[PDB]
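Numbering-wise, the sequence shown is residues 24 to 293, 300 to 324 according to PDB author numbering.
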Amino acid sequence: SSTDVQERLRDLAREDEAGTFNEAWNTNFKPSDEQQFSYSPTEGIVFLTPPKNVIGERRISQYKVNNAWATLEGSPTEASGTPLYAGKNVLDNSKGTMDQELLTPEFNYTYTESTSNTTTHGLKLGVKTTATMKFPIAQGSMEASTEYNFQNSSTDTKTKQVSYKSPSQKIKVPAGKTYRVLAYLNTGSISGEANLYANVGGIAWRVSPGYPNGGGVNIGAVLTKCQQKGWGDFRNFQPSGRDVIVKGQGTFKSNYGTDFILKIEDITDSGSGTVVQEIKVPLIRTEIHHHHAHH
Ligand code: NA
Ligand SMILES: [Sm+3]
Ligand SMILES: [Sm+3]
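See the structure below:
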């Protein structure tokens, strides 16, 4: 969905216009640029004819996007992926007479991290508007980010190929034993929601009892009045002094490696063998290649 911000600010001016005359004259005028009439129990048939001075584009002047930003919304949902086999090596103490502490090789995996977002409730602001949102990943241990385009249905996908590495581990291998070390990359994903915000300025133009040819008041004050009165639906607008803040929404998701698990098997009797030990190993991350796209 999309909010046409400029058109909604024009309707904001029309709401204040009609609502204020309805109080003044007990009429039932609707927000409109068209001439309309209404029967007042205290006044008779009354006419509302907005002049060319205020109609259409001239309902708002000094319209400006002042700032735009995006913030994490709620608690993202993290999940664990299927572990990915990374390789294996042998720790051979079959000919040794002493127990040894033997260092494993480093294991590695070439992984494509992906971050994507979708603008689900867009803001049509009259100018290309973007904002970057940051979120924690991997149970709060790293920070990631994603750039929203505020137009409805905008999608972004960013990928990085990275190399994950497990540091060498020290394994006790008893005399005469042969051990096998198998390595697996653990993965995770995250998804969540973003709030999209724009602070916009402007002056709303209405005919009114005090200004029968039209007068202008900042949109922040006009919105404050209209929300207090119940004139029109501006549920995703908030006053901010003379300006208003308008809110949209997006989604995001991301995937990444989390760590390595090493599985130690006794293969002395020769062919999988008994698992003797498992080790969680923190990975070392090195970026190789990156690619950006927007749809
Ligand atoms: Na409208
Ligand atoms: Sm909320
Ligand atoms: Sm939520």
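Built from N, CA and C at the ideal position, the CB exists for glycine as well.
So, with DSSP's three-state summary, where would you put residue i?
i: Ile290; result: coil
i: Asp179; result: strand
i: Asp56; result: coil
i: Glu46; result: helix
i: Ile242; result: helix
i: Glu96; result: strand
i: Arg82; result: helix
i: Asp256; result: coil
i: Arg229; result: strand
i: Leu219; result: strand
i: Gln162; result: coil
i: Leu35; result: helix
i: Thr105; result: coil
i: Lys270; result: strand
i: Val28; result: helix
i: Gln174; result: coil
i: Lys147; result: strand
i: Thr65; result: coil
i: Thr169; result: strand
i: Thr153; result: strand
i: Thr142; result: strand
i: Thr247; result: helix
i: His324; result: coil
DSSP beta-bridge partners for residue i?
i: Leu125; result: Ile194
i: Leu285; result: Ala206 and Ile308
i: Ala41; result: DSSP, once it has assigned bridges, lists no residue as partnering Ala41.
i: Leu114; result: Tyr202
i: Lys75; result: Answer by DSSP bridge pairing: none, since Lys75 is not bridged.
i: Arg314; result: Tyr187
i: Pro235; result: DSSP lists no partner for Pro235.
i: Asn278; result: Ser137 and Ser212
i: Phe130; result: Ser189
i: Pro262; result: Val267
i: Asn90; result: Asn222
i: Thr303; result: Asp289
Residue i to residue j, Cα distance in whole Å?
i: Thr105; j: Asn209; result: 7 Å
i: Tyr132; j: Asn116; result: 27 Å
i: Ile268; j: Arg37; result: 19 Å
i: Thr72; j: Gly79; result: 13 Å
i: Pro197; j: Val113; result: 14 Å
i: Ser231; j: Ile68; result: 18 Å
i: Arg203; j: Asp179; result: 43 Å
i: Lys193; j: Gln123; result: 10 Å
i: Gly243; j: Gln251; result: 12 Å
i: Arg229; j: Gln58; result: 14 Å
i: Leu125; j: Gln174; result: 57 Å
i: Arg33; j: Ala227; result: 7 Å
i: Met165; j: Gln184; result: 17 Å
i: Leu312; j: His319; result: 20 Å
i: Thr65; j: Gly237; result: 24 Å
i: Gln162; j: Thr141; result: 23 Å
i: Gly145; j: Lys248; result: 25 Å
i: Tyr108; j: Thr135; result: 15 Å
i: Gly239; j: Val77; result: 9 Å
i: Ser263; j: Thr50; result: 31 Å
i: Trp48; j: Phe60; result: 12 Å
i: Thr153; j: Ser139; result: 15 Å
i: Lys151; j: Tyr207; result: 44 Å
By Cβ distance, which residues of its chain are closer than 7 Å to residue i, with the 5 residues on each side in sequence left out?
i: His321; result: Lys181
i: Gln29; result: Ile83, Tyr86 and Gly149
i: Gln261; result: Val267 and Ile268
i: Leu35; result: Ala227, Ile242, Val245, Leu246, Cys249, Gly255 and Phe257
Using a Cβ-Cβ cutoff of less than 6 Å, which residues in the same chain neighbour residue i once the five nearest sequence positions on both sides are dropped?
i: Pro128; result: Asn112
i: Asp27; result: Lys147
i: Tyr62; result: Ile68
i: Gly119; result: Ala198
i: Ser214; result: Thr100 and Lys276
i: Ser176; result: none
i: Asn278; result: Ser137 and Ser212
i: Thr201; result: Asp115, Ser117, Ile290 and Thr291
Grab me the residues of residue i's own chain with a C-beta within less than 8 Å of its C-beta, minus the 5 sequence neighbours each way, in chain order.
i: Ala41; result: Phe52, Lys53, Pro54, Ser55, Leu71 and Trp254
i: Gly302; result: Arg203, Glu288, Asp289 and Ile290
Check whether the Cβ of residue i sits closer than 7 Å to any heavy atom of ligand 5, and report yes or no.
i: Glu30; result: With respect to ligand 5, the structure shown offers nothing to examine, as its ligands consist of ligand 1, ligand 2 and ligand 3.
Item to check | Stretch pair the segment 269 to 286 + the segment 216 to 223: three plus CB contacts closer than 8 Å | outcome: Output reads yes: the segment 216 to 223 touches the segment 269 to 286.
Next on the checklist: Can you confirm whether the segment 308 to 315 touches the segment 279 to 290 when touching is taken to mean that 3 or more C-beta pairs between the two stretches lie within less than 8 Å?
Outcome noted: These segments touch.
Checklist entry - Is there contact here, the segment 174 to 191 with the segment 243 to 263, by at least three beta-carbon pairs under 8 Å? => result No, because fewer than three Cβ pairs between the segment 174 to 191 and the segment 243 to 263 fall closer than 8 Å, the two stretches do not touch.
Checklist entry - Between the segment 90 to 98 and the segment 156 to 172, do at least 3 Cβ pairs fall closer than 8 Å? => result Taking one beta carbon from each stretch, the segment 90 to 98 and the segment 156 to 172 have 3 or more pairs nearer than 8 Å; the two touch.
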